[PDB]
Structures are given as C-alpha cells and as structure tokens.
C-alpha cells in the first residue's frame, strides 16, 4: 500500500462513527484491504443478516446495497457512488415479468440478485450464482422463468435438467463475454494449469473450463485442488483476492475484464462517504415489505 493517509483516515472514521465496511470481490485491492468483510453476493447477503453494527458502508453496486438495506430496514446503509449499478440488471422490467407469467403461469419466477428492487417485489425467489442450481432443484415445478442472465439460466437448465425460460431477450454480462480461444491458448502455454470460470460466461467458455462457479466458490477451489497455476475467467478484482489468499499459487487472468461500475468506488470517495455519512440507501416501505419475501425464501430453501 502507498496511500497511507487515506487508509489511516478511513480506519479512524469507521471506528469513530461505528461503521462496518462490506465489500464485493470485484472492488479494487485498496478497498478490499480496508473492508471488514469481502465476499460474493451470497456471502454478503448472509453477513448482512448476521452483523451487529447499526451502520453499514457498502462497497459494490446498487442492487447489492439495496438487498443489504431490505434485510436491515432500521439500519443505515451508505454507498460512496450512487450511480454504481449493473447494466444487465437494468434491462429486465416489471412488464416483461408479467408478460412471461401470463404465458407460462405454472412457472415460478426466479430472479438473480442482479435485478432491480422493484423487480424483486415481483419474484417468487431470489438466487445468486452460488446457489441458483440448488434453489431451482428445490422448487416443485419442472419449469422456471429465470432472469436477467441468459448464461446463468442456461447453466442452471444443464445442471438441473429443468426447463428454464430466460428473460429478457439475451440478457447477459458484458464483462464475462470471454472468447473460448483464450482457453485454447492457455492450454498450449500452461499444460497443467486449471481453468476456473464464472457461470455468466458463454457456453463454449464454460464447457472448456475445469471448474465453473461464483467468485465465492472459486476461492474454495485451491483448498481441494493442488494446481500450481490457475487461470481465472472473471472480473479482474477477483485475481487480487485469490493471490492474497493463496500466495503460494500463480493466478493468471483468462483475459483482462473490468466492470466499470465496480471500479466507481475509490479511496477518495470512500473517505468522503465516511466524512459525510452519505449516500444513504432509502427505499419505500412497500418495496422493503414485498421484496424481503423472495430474499428470505432463498435462505429457507437452502437449508
């Protein structure tokens, strides 16, 4: 670290004001280092239920911050940049959900966490990339509506054998659109490397990988796989996380992939957030009341 002033002041204010700092795995290394907890969306959702502080500084994108607020309606949740969002999530609308419910009335609506809070009020259950398979398996229906990510939906259909109707038309994460050629090239360069990719990746990339999982799942792979070299097909922030957790291994990006929205949070605007205790996540009471149900069901159907 080479920003000792910013770091020391962030720590001072966090302590003075009674904040816990939660971060997603795609946040810059300097922010992961000052965070009290870093993880994927499922790990963040569980932490949001368990934590005991009354004030939360959240470092990620808006849908995630809103989930934390939904689970903690009487706590203060702040974010440094209110424009930090997921472009994929924003393409699915209430109107598309109602259209598909009318077409396939027997199918439960399973929404990825990457979805607007208004859309969550219209979901039967929420999932993350780590538990989507388990959640869909547990439901009675042989058919489900799934969105907004077509790739994760298709992965779920493969693993569960259920019919998955994806919405909207070609909803997808641009960050995870790697080329399968990139895997061919690393197999030639590193013949006993293992390739780990996200389920948001396209089918040809998933199929050529050794492992497919959420970032939380990726972090567990070196606990069971002794490979000297791992090649990682996700957003670049996870490669730092992995290097720090397993300094004895080599982690190589499959390609450079950056989520510009995840990178909106900086040391500078994080300090400003603590100085001013802004920007608070504010949601209407009715949204909190209606969206909590599919979120709590995710955990209820896990175990």
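Positions refer to the first chain, counted from 1.
Chemist: Do the C-alpha atoms of 229-237 or of 100-108 have the higher average B factor in the entry?
Modeler: On average, C-alpha B-factors are higher across 100-108.
Chemist: Quick one: say whether 118-126 or 173-181 has the higher mean Cα B-factor in the deposited entry.
Modeler: Comparing 118-126 with 173-181, the higher average CA B-factor belongs to 173-181.
Chemist: Reading the B-factor column of the entry, which of 200, 81, 140, 219 has the highest value at its C-alpha atom?
Modeler: Most elevated C-alpha B-factor of the set, per the entry: 140.
Chemist: From 71, 136, 77, 212, pick the one with the largest CA B-factor in the entry?
Modeler: Highest C-alpha B-factor among the listed residues goes to 136.
Chemist: Comparing against every modelled residue in the chain, figure out the third that the C-alpha B-factor of residue 272 lands in (lowest, middle or highest).
Modeler: Ranked within chain, residue 272 CA B lands in the lowest tercile.
Chemist: Residue 249: which third of its chain by C-alpha temperature factor?
Modeler: Its C-alpha B-factor belongs to the middle third of this chain's values.
Chemist: Select lowest, middle or highest to describe the third in which the CA B-factor of residue 290 falls within its chain in this entry.
Modeler: Middle third.
Chemist: Place residue 33 in the lowest, middle or highest third of its chain's C-alpha B-factors, as listed in the PDB entry.
Modeler: Highest third of the chain for residue 33's C-alpha B-factor.
Chemist: Taking only the Cα B-factors deposited for this chain, tell me whether residue 91 sits in the lowest, middle or highest third.
Modeler: For residue 91, whose C-alpha B-factor we compare with every modelled residue in the chain, the answer is the highest third.
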